[PDB]
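Take a look at this one chain, the form deposited in one PDB entry, written out in structure tokens.
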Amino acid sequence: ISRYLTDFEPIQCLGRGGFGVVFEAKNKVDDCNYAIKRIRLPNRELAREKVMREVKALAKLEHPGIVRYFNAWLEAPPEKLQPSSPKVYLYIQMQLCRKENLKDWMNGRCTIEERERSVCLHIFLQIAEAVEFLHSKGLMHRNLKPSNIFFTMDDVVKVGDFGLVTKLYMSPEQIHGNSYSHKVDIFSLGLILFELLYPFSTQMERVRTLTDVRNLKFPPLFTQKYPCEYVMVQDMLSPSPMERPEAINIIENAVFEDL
């Protein structure tokens, strides 16, 4: 007797993000399509109050870098053997963004003349201003990767799924030594800003050149081409979080004086 099937008309599955299913589905009443994320909560009554704390905090979020929230409800569906094992589902209804994301955008633009310094920065600033907002509400994203950077049907850049918890964008302290600061986010931004400015022909050559930059090894053409941005991306990829800039400081940099 589940609220989803009765009140939403499925369209397609979009992925299984964080081992949780995400559906494009039309609300029968308002006749609008929505991205509907569904996870099973942990069974621990302790580690549920954890997840239920996050959703209450995320529902307060209002910013132009943050995918518009609509609703979040719970469903318990009541043969096999004699393990009952109770399974409660958390549904989160969000604004449906484009099926294609910043990696899709990047994949279809593998030449210098297709990566205008102007446009790349404009995409980065929208990400940074979202990460800043999150940090200011005492949250971190810890999930920044082109794969998970979306566009609204209106081409507003959005930071993708986060909260309710590839590693090429992850920070050293995030992968291992798992008591990290919010500055893990600044590491990810660092690689992303670089990647936007630096088009990649082939996936192997990307993974190589990102792994280089990740260890402060920068293609000599990139440094010469974009000198200010080089300076920034070094700081963002600083091995000590403390020496990495706060999103507010990145945003207020000269580089972003244009419209």
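Quick note: we count residues from 1 along the sequence shown, nothing fancier. Basically, rigid core = biggest C-alpha set you can superpose within 1.5 Å across the two forms.
Note: missing coordinates for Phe19 occur in a third or more of the other compared entries bracketing this position.
Going from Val165 to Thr166, the model skips 10 or more deposited residues, which lack coordinates. Gap between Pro78 and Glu79: 4 to 9 deposited residues without coordinates. Relative to one another, 145-153 and 169-177 have unequal mean CA B-factors, and 169-177 is the one with the higher figure. As listed in the deposited structure, the average C-alpha B-factor of 189-197 and of 209-217 is greater for 209-217. The residue among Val67, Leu61, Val233, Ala47 whose C-alpha carries the highest B-factor in the deposited model is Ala47. The maximum CA B-factor among the listed residues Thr111, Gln82, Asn107, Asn101, taken from the PDB record, is found at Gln82.
Sort the modelled residues of the chain by CA B factor and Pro245 lands in the lowest third.
Sorting the modelled residues of the chain by their CA temperature factor places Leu74 in the highest third. Per the PDB record, residue ranking by Cα B-factor puts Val88 in the highest third of the chain.
Quick note: we don't show the form deposited in another entry, though the next part is all about it.
Large C-alpha shift between the shown form and the other one, rigid core held fixed: of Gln224, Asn215, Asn43, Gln203, this applies to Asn43 alone, with a displacement of 2 Å or more.
In a rigid-core overlay of the protein, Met52 has its C-alpha displaced by at least 2 Å between the shown form and the other one. In a rigid-core overlay of the protein, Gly17 has its C-alpha displaced by at least 2 Å between the shown form and the other one.
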